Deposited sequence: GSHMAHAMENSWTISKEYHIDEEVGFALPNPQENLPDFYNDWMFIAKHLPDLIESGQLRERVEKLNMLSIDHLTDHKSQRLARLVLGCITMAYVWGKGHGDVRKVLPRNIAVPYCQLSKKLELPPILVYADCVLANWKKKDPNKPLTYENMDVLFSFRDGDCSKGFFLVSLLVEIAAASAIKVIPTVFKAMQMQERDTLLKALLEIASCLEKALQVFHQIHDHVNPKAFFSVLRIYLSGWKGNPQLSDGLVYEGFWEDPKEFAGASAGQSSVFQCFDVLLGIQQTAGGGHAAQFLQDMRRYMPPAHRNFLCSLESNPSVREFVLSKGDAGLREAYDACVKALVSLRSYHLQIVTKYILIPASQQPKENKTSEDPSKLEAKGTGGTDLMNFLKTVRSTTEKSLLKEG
């Protein structure tokens, strides 16, 4: 269990992320802390180009390697996309590419910014005695003034944490199935349903803290990758680390272990078959920290909650199971509405979206198809 690096309070998010690196990495830290200015005034690229190659060995624990991932990943996005107006670098300079690749290998993560970087590790309490609420939180790194990264990253994080309340119930679910404890099972499912329902309310804050124009035309540009991306159709050259350019997807909540873990728990077969949706979500596992990916693997290897509940002729159980599925449908439905507002409308207003809506609708529909009764 401790092997899975799941926090009782923050779930898959990294508890108390670190904010400073050893003095030895000030050169990295200074660029990452000043990205809005450096990018805007056109100093970012030359600074990166002028860095000495720093060794990764003075990053001695997990939290500090994670902070360096976040730093280097942000710097890399800034360097590749520049001011975010379509002029793009195709080579990442060795003095940054080499340690970032080394560090990424060590953490078993791709050398690009992932969800686990810019959400799960990218946050702090303002006041350590107050609760984890938006007003008491901040992010550690942004790209551009006005990019709304704080609102986008924190509200993801807050959803992620609300859903974590349910994660701790999962061992109860499996124990109750093996012990044939019917009332314990039912209570456990109603409790998962309740947390996933809470996570929806938390989603509503996206409208308060993120503005569609700034999201669509700025933040989205900095989070994009180089896989199947025509601005970088062969990927990115990690100078000095690989000979050939490599492709990696940009940061995506398809990399959240939260939603993937409930789809597995409930037997919603999100990654089955060979369609586009299933493959993208299977591929996104390779972007999750290894401990969380081992967690998903071990969920798949347990007996099926859905089969258990379907074989019992127990309406109470059926309805508790359906309330879990329905909570996921509701969340995915609200999310589709958000995408219409934050991507589809802004895109239509500028002087593709159908493949995106269809991907999301396929995932929602596969979730709906899992309802036992129809509700």
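Enquirer: Where are the holes in the model when you compare it to the deposited sequence?
Expert: No C-alpha coordinates exist for 1 to 14, 366 to 382.
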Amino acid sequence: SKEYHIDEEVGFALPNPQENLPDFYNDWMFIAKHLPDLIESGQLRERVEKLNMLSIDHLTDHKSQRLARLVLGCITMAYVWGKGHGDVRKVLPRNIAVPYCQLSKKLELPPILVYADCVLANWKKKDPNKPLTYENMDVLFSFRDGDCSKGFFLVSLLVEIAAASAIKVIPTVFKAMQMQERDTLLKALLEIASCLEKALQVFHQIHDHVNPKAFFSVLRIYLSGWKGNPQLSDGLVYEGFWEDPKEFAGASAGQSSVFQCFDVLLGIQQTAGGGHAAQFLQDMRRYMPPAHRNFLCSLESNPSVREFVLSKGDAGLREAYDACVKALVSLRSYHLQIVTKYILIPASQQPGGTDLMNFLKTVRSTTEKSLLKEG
From here on, numbers count along this sequence of modelled residues.
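Enquirer: Is the mean CA B factor in the deposited entry higher across 164 to 172 or across 111 to 119?
Expert: Between 164 to 172 and 111 to 119, it is 164 to 172.
Enquirer: In the PDB record, does 93 to 101 or 246 to 254 carry the higher mean Cα temperature factor?
Expert: Taking the mean B-factor of the alpha carbons in each, 93 to 101 is higher.
Enquirer: Taking the Cα B-factors listed in the entry, which of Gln43, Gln337, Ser64, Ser330 comes out highest?
Expert: It is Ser64.
Enquirer: Sort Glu191, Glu239, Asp263, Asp283 by C-alpha B-factor from the entry and give me just the highest.
Expert: Of the options given, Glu239 has the highest CA B-factor in the PDB entry.
Enquirer: Considering only modelled residues of the same chain, in which third does the CA B-factor of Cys324 rank: lowest, middle or highest?
Expert: CA B-factor rank for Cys324: lowest third.
Enquirer: Test of reading the entry: by CA B factor among the chain's modelled residues, which third contains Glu135?
Expert: It belongs to the highest third of the chain when residues are ordered by C-alpha B-factor.
Enquirer: Rank-wise, by C-alpha B-factor, drop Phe359 into the lowest, middle or highest third of its chain.
Expert: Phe359: CA B-factor falls in the lowest third of its chain.
Enquirer: So where's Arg318 on the chain's Cα temperature factor ranking, which third?
Expert: For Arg318, whose C-alpha B-factor we compare with every modelled residue in the chain, the answer is the middle third.
Enquirer: Within this chain's modelled residues, let me know which third the CA B factor of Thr367 belongs to: lowest, middle or highest.
Expert: For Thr367, the deposited C-alpha B-factor lands in the lowest third.
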